[PDB]
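Take a look at this single chain in structure tokens; it is the form solved without the named molecule.
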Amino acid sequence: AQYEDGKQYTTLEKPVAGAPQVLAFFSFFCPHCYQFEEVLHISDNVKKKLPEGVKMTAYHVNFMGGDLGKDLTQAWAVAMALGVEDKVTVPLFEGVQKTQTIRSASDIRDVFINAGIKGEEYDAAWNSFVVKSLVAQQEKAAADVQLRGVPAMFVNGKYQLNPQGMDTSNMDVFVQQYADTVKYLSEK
């Protein structure tokens, strides 16, 4: 078949009940995640092909970067709570990997301030139990899919994308294959 278990995707041996329909995991420290988001625009291209009523969810992971990695998971929870993911994704990726100006929790906060989030609003969110819950939710989801590495993407809590089984001849064809595989899986 054109789509094959073991080729473009794999099947979780322990499917996750109640998982977001399309769930991506990433780290702002992950070089492949930087390529996926800033050069290939994987997330945007997946979203443009999702069936009606299917949304993408993206969660950060703790296992890269020690202390700062966990600060970034908490800041990503702030971005999700405030609805500012689209304002901070590029400067967080660039701050960590391009300019390497993000070295502390305060430096993360500066990205939000420069993006127009008010200081009091950031600090209230950072310290909130809503954000504590969103950190726990990102951690629980990674545990539930037995996450090993990033980037990763999971569909319906049952299928894991396998980019290494896709055609990497051309970067844009690869992005197309990835997005079309997510759509195929969301309809399975």
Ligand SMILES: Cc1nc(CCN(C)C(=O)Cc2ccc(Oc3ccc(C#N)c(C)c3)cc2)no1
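Start at 1 and count along the sequence shown; that's the residue number.
From this point on, the text means the form deposited with the named molecule bound, which you will not see here.
By the criterion of a heavy atom within 4.5 Å, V150 is counted among the residues contacting the named molecule in the entry with it bound.
In the entry with it bound, the named molecule stays beyond 4.5 Å of every heavy atom belonging to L134. Contact between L50 and the named molecule in the entry with it bound is not found at the 4.5 Å heavy atom cutoff. By the criterion of a heavy atom within 4.5 Å, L40 is counted among the residues contacting the named molecule in the entry with it bound. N162 is the sole member of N162, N156, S128, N45 with a non-hydrogen atom within 4.5 Å of the named molecule in the entry with it bound. Across the proposed site, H32, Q35 and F174 without exception bring a heavy atom within 4.5 Å of the named molecule in the entry with it bound.
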